[PDB]
């Protein structure tokens, strides 16, 4: 079945998954999280008798439950060969470090490894990093299937899920993989439809953040908010000047979707209809704003129409059109997610929030991979250089000695080269 399940990285995602895993019945449930303040707080909470707790918000409160953890490790040396399934709940830009850091000499019994938020090439990269003869199947879930946050870092085991996707996709490094069906069931428990696809890259090409975060949060407006310490953070999904969404950002979104689509075709995977994907799998609007015919025909509609429809879609979501109206006729301000900004870590060094550091690193790797398929991806590269220039000016102003080295530019070509070699086996 799933056997004993080890969660790697015990954050908001891991707690949602733990709930769904305990509904399905796992056998033993463990977690490994690298040493640090969070791990320390987790161990204290578990030692005081706490359990993982998940709160569903609003119409999701039916999801609420508690789940028990059998073992927690903040030290890989105590791991023994007790685990059949590994679930990576760490940031996706850390998958390589995490897979290299795992004690595989002690994990020979692992037969499945699930990437909960994969990107194009993640399955191949993880496999290139496995030890020789490893025969764990690697599974790529397209995106994390919910929106979950740890409310209060002082209660590190309590998370709140505010939203749930209608549907996600799941590929496997092993053809016709039986494990996909198990995960379909596991996630069905929280209301999500899991669509199995014949290839990990087909699933990885349906990672929603690659298509949305890249054009919106790697641009000038977003980085200016993110790299700022004074003034209001702005809003991530509002129109200029309150947020980053402009016709030019929408054009970037269209042009990058075309590039990513061509890469997926060159790796043997069917691209997606971006508008139907956003509307049908993530969050819809009314037929008056987006006609069903326009959604289904998006890929054939021509660039100007395509960009008009994407803009309408994001404008139509500035509020939640299905939320209840207030006394005055207003709907919930769905678009007001403030931007998280740079902050100083415990060593005094400036650090970047995961938006956009994670989005930058995923795209840099996808671009470097695409060069092996002779694909230049100029729109992706333009968004990379926009991020690089903004961060470089922030180091200039702030001083290098003040900045965590994750702010410096990272070389994606070794990883791309390992991905491509793995692909050509």
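Numbering follows the first chain given and starts at 1. Think of the rigid core as the biggest set of C-alphas that the two forms share within 1.5 Å after superposition.
Asks: Do the Cα atoms of 321-329 stray more than those of 210-218 in 4 other deposited structures of this protein, or is it the other way round, with the core held fixed?
Replies: Looking at 210-218 and 321-329 in 4 other deposited structures of this protein, the bigger mover is 321-329.
Asks: Could you tell me which of the two stretches, 73-81 or 88-96, has its Cα atoms lying farther from the shown structure in 4 other deposited structures of this protein after fitting on the rigid core?
Replies: The stretch that sits farther from the shown form in 4 other deposited structures of this protein is 73-81.
Asks: Can you tell me whether 195-203 has a higher mean C-alpha B factor than 230-238 in this record, or the other way round?
Replies: If you average the C-alpha B-factors of 195-203 and of 230-238, the larger mean comes out for 230-238.
Asks: May I ask you to compare 253-261 and 98-106 by their mean CA B factor in the entry and name the higher one?
Replies: Per the PDB record, 98-106.
Asks: For the listed 42, 384, 371, 63, which has the peak Cα B-factor recorded in the PDB entry?
Replies: Top of the list by C-alpha B-factor: 63.
Asks: From 344, 354, 213, 313, can you pick the one with the highest C-alpha B factor in the entry?
Replies: In this record, 344 carries the highest C-alpha B-factor of the candidates.
Asks: Residue 18's Cα B-factor: lowest, middle or highest third of the chain?
Replies: Within its chain, residue 18 is a middle-third residue by C-alpha B-factor, going by the deposited values.
Asks: So where's residue 217 on the chain's Cα temperature factor ranking, which third?
Replies: Lowest third - that is where residue 217 ends up once the chain's C-alpha B-factors are sorted.
Asks: Could you place residue 27 in the lowest, middle or highest third of its chain by Cα temperature factor, using the values in the record?
Replies: Highest third - that is where residue 27 ends up once the chain's C-alpha B-factors are sorted.
Asks: If you rank every modelled residue in this chain by C-alpha B factor, which third holds residue 33: lowest, middle or highest?
Replies: Lowest third.
Asks: Looking at the temperature factor on the CA atom of residue 123, which third of the chain's modelled residues does it land in?
Replies: Middle third, going by the recorded CA B-factors of the chain.
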